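The next block holds one structure in the form of structure tokens; read it before the comments.
See the structure below:
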């Protein structure tokens, strides 16, 4: 009976974690029209979120056994809700930026603790797989609902588009306070000496990654940011190798299977984020369907992820995870093969819905065992850092591959013929070249997914080890 009141309560962080991002991406032009904001305005609006989501990632993950688990999650969602309502009640660029900074801080405090909590509770067995499936369906539902809300409630006012978090956040705090088990008495202080350095290094890395595409990688600013990040990481390792409670322990890095799983998660998250960004741009640019109907169109994506997620969570206990990841990669590869023959003006069904739902099934079947094996029954002192590492890699993989994939797409557009700019660009004869470039980039994404599968083949974890009982 309480299984639901636990699973939605724990996993609902991803709801806001994706809803806020999608809604902001949708409502950037409305906010620019409303408040006296330039392109750098919305640029820093999103930059604040990414900085406070990346920099506080490691410290947020380590913020356990010091403040607690349930209290950490509750303060995270409280900060998220307060920052969102401050975004709703805004009158200047500075207050909006401060609200976004607080939002990112709260999200970074809460999100790693989500995986830490779903690992601490539901020790091992059917509960863990069902909870991971709930996690995947949760992030999918959050994404689609964010798209729908951004499409629908934008013509009225963006204030509601940012305010919609407060009801969802409030009901989430209701379930979290009511139906989240209090942690046992286990207190342990953390050494901030390495923690501050790691936070600064992650902040510099996210700074460089965000400022790269804004003005190119050739500018000295991004090179200086990357150099600062590298020296900060070097100092962090130097001062952390002999730390009693390191932010990122090396104990999890002494097993080949764990390194393989982390590399697979990094590459798979990158390929997934690139895939969804590409499909979103394709739907919102060439097909011409606005977000109000784009949400309905992407509903089958969520249905496919749900069915594939349930299937994978059911059959993990009997089939090894490596072949499951390989089969999910094959299904996603087939989805890309089917979608490679896409042009403007194609019939809605079954030309488009079938590849989307196939991709959803594949994404679910690959995201069950990867996040099931990232938390592979480590000792409770490192489970938090392990979840923080998993989320950090999942977020970091995305832009790393998306930058090069979009560079390839733009190069193909230039070579075949086209212009980079606003909607409809140059004369309409280049839209076909743009679809060809998008399909070529899709094939490159498929090659990256092939690399993902090859790397995940190295995962030597057996199904009976981390999945079934212990």
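In our numbering, the protein residues as written are 105 to 574.
Ideal Cβ placement from N, Cα and C applies to all residues, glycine included.
CA-CA distance, residue 147 to residue 423, rounds to 45 Å. Contact check for residue 468 against residue 250 fails: the beta carbons are separated by 8 Å or more. Residue environment for residue 452: exposed (fewer than 16 other C-beta atoms within 10 angstroms of its C-beta).
In the same chain as residue 152, and ignoring 5 residues on each side of it, the C-beta atoms closer than 7 Å to its own belong to 201, 204, 205, 208, in chain order. For residue 347, no alpha helix (DSSP H) segment is defined, and its DSSP state is neither H nor E. The criterion of a C-beta distance shorter than 8 Å is satisfied by residue 563 and residue 364. DSSP places residue 353 in no alpha helix (DSSP H); its state is neither H nor E. Bounds of the alpha helix (DSSP H) holding residue 304 are 296–319. As the crow flies, the alpha-carbon of residue 409 is around 31 Å from that of residue 149. Within the region 542–573, no beta strand (DSSP E) run of at least 3 residues lies entirely inside it. Secondary structure note for residue 152: its alpha helix (DSSP H) is the uninterrupted segment 143–158.
Minimum Cα-Cα distance from residue 138 among the listed residues 161, 187, 193, 177 corresponds to 193. Relative to residue 532, the option among 132, 389, 235, 106 whose CA is nearest is 389. The shortest CA-to-CA distance from residue 295 to any of 218, 351, 331 is the one to 351. In the structure shown, the three-state DSSP call for residue 227 is coil. Within its own chain, the residues whose Cβ lies closer than 6 Å to the Cβ of residue 244, once the five positions on either side in sequence are excluded, are 406, 409, listed in chain order. Proximity of the region 317–332 to the region 455–466 falls short of the contact definition, fewer than three beta-carbon pairs being nearer than 8 Å.
For residue 256, the CB contacts under 7 Å within the same chain, skipping 5 residues up- and downstream, are 396 in chain order. Relative to the Cα of residue 184, the nearest Cα in the group 233, 271, 134, 293 belongs to 271. Contact annotation, residue 433 with residue 553: C-beta distance approximately 6 Å; criterion of less than 8 Å satisfied. With contacts defined by Cβ atoms closer than 8 Å, residue 356 and residue 486 form a contacting pair.
Assignment of residue 262 by DSSP, reduced to helix, strand and coil, places it in the helix class. Contact check for residue 287 against residue 165 fails: the beta carbons are separated by 8 Å or more.
Using a C-beta cut-off of 8 Å, the region 497–509 makes no contact with the region 441–452, since fewer than three inter-stretch Cβ pairs fall below that distance. In terms of Cβ geometry, residue 435 and residue 466 form a close pair [threshold 8 Å]. Judged by pairs of C-beta atoms under 8 Å, the region 362–376 touches the region 504–515, as three or more such pairs exist. By the criterion of at least three beta-carbon pairs nearer than 8 Å, the region 479–493 is in contact with the region 215–229. When the beta-carbon positions are compared, residue 238 and residue 115 come within less than 8 Å of each other.
8 Å or more divides the Cβ of residue 403 from the Cβ of residue 557.
Shortest Cα-Cα distance from residue 515 to any of 470, 541, 492 involves 541. Comparing C-alpha distances from residue 401 to each of 454, 175, 335 shows the shortest one belongs to 454.
Nearest neighbour of residue 111 by Cα position, chosen from 248, 547, 279, turns out to be 279. Shown here, residue 420 sits in coil according to DSSP, grouped into three states, outside any helix or strand.
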